[PDB]
Structures are given as structure tokens and as C-alpha cells.
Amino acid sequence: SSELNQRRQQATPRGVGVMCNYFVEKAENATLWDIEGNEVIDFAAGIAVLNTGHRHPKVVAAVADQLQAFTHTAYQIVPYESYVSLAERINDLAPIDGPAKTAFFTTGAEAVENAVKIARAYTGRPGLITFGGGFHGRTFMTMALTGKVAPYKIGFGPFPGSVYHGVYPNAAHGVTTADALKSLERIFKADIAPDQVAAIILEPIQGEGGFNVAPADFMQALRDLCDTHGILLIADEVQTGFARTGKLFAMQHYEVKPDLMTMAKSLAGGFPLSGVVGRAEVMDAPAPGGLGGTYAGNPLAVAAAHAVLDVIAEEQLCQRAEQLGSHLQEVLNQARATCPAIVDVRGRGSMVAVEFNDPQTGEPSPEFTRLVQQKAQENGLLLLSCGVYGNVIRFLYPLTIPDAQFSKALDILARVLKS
């Protein structure tokens, strides 16, 4: 496959970075097959894109029937009842105070993008506040909202005004909830007025930021100041959504609820679909024709996104996600005594991660974290990187992993840490 590696280097730009050396041929559940027969259990699931697994039999049958019905029709002209079919369901499952309304789009960056458009149309305000280490997409506005410059926005500036970043709460790094809230106070006193901020966008637990959970200390306080200053709270559950946090949405772990929320990735279980759900009054702010997109709500994707929403419940992967999470929680917790480089492990449900620090100084180092990288797939196990420094392994296995599938990779994960 070495010749195809170079066939790509001369046909697709260097900007599309790719981690693993080998290509894909077939995928099942959480097991990937290379071109050369190698079998690797997927602890990545394409970045939380397949909570219900690679090619789950139900929605693969739901996309097959949806195929010979219609593949595309542009919902803006000819609508389909499968669009209203899901908008009904998520409006009943989303943690939004009062009546909820849902619009669907294609990519997750478009969901956060449209949440900004709806937040701006309802508030009439320009301001948008995110947090350091937060990731919200790769388009112009979403890169501005993203809190990691390299490599996400290196060389694509300048970026629009009225967008600033607070500090995300993180007791593991010595920043408290008060430290986080004070950075917001410093933005209101130096950057932009509170009555000029349209929305505060927030990952319930940060995805590419290092799997750091926001405390209920932070959320209830956050809900308070936006209610004071007329700001809308937006929860970005593109990565944390759909049963991986032990519950359907990570915001269900909290008592107060966001006015808007963006969803994608495993929302369709491996097919291009995003969406925005929120309060009926705020979502109804843009005028007709203001929201759209050609591929918005791909009929095959809404059919699968309907399907995972049945695997949601009959398989009950919310309860399983807490059972997978808590055991791998234990595997790395006595590996903590065996492997000294572990400084902390964190996660809710099975959205779990482990941070590794070099012993001489407690600074990160991604090449011990990334020493585990190679040993894992050397054993046929694909683990993804994370963090502001690259020092955190995030475990993104599908929720549909058989238990023998899991314990294999778990004890293989026991061998990567002591070598």
C-alpha cells in the first residue's frame, strides 16, 4: 500500500492530514479491516461518529429502504416526512425548557454555524463567547469560535470581531470555577459589553480540548449570568451527544438547560447529518428563507439518524456506556499505580480519557502519550490523541462493542502503559 500513500501525496493536498499509515477496506461494529487483512479494534469510531458502530444492521437496512425511496430532493423545495419524523422525536428528547423546535443540516460546523445565526437573529447582538481548547468546526466563524489556533486556524486569518475566549474550568490544571467565571468577567470589562453578547457557546465536556467536564458549579452559574444579561446559552454536543455520556445528552447531567444545542457526528451514525434544537421562540427568530442548505437533512442520513434513535433505546446504550466507562475507569486506575506517568483520568459515561505527564516536571508530553499511540495499533488498537498539548488519550470506542471485544483492547491497553 506504499504506492497509494504517494498516489495521494501527489493528488490530495498536504492540508488534509491523515494519521494512520494504512487504508480502510471494510468496517464492522468497532472492528476495522485494512487492505492487508490486519484486524484493528476501533477505539476511535471516526471521532465519536459511530456510537452505534460501523455499519449497524438496523439503519444499514434503514438507509437501504430509504435508498430506493429517494436519496436527495433538497428539503427547501420538496420536503419529506422523515424530516418532520425526527424533528418531532428530538424535540421530545432534548433538554430544552418549554416547546422545542429542530432544524437539520449536514456538517457539525454548519450546526454551530446556524446556532450562531439563530442566536444573532433572536438577540440582534454581535457578541459570541467561547472557551480555550473548545472546538466548534473549521469554517470561518467556527474557527473563530474554536479555541485552538494550531493547526486549526494557523494561516487563515484574520478573523471577525466580537468573538472572544474565556478560560474553561479545569480543577486538574489549577483553574477553578471562579477562575473560569472571572475570565468571563474580564471579557465583559475589557472586550465587549454583556448586553452586546448574543450567545455563550460551550461544550458540556470539551472534545478536542482534553475531555474536561464542566462542573455543575460552572453550568448553574453560567445559566445565571446569561439570564441576567439576556445572553443565550448554547451547548455544543456534536461530540458528547447521543448516549456516550451515559445519558442521551451530556446536558442531562445538569440541572439547568441551554436555550440552544447543536448535534452531529453519531446523530446519524456514520452519515452526513447535523442539527440544531432549541427553544421554540428563539429558533423562530430567522425569517423564512434565512435558514437552509442543499444537502440539509439528507434523506438517507435522517433515516439512519432515525435508526440510531431506535438502537438508542432497545439496546439501551446509555446504561451500557456507564458500564463500559466505569470498567476502563478501573483498568487505568490501577495502571495508575503501575504506570506513574498518569497524572489524572477523567470522563463521564464512556467518554473517558487519560492524561500523561513527564515525571521530571509536571508538564505534558505528547510523545509518551504518543508512545502509547504506536504500541496500541502495533497491537491492532487505534487510540486518538487530544488535549491542548497532545498529552491525553481519548477512548472513543463505539457503544456497540461486544464485551470480549472490549476486554481484549482493555488488557492490550494494560500492556501499552508499562513498556
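Note that residue numbering follows the sequence shown and begins at 1.
For the pair 168-176 and 334-342, the mean Cα B-factor is higher in 334-342.
In this entry, 243-251 shows the higher mean Cα temperature factor of the pair 192-200 and 243-251. Comparing C-alpha B-factors across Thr262, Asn212, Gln329, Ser183 in the deposited entry, the largest value falls on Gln329. Among the modelled residues of its chain, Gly98 has a C-alpha B-factor that falls in the middle third according to the deposited record.
In the deposited entry, the Cα temperature factor of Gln323 sits in the top third of values across the chain's modelled residues.
Per the PDB record, residue ranking by Cα B-factor puts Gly278 in the lowest third of the chain. When the modelled residues of the chain are ordered by C-alpha B-factor, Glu208 sits in the middle third.
In the PDB entry, a CA B factor belonging to the lowest third of its chain's modelled residues is recorded for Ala121.
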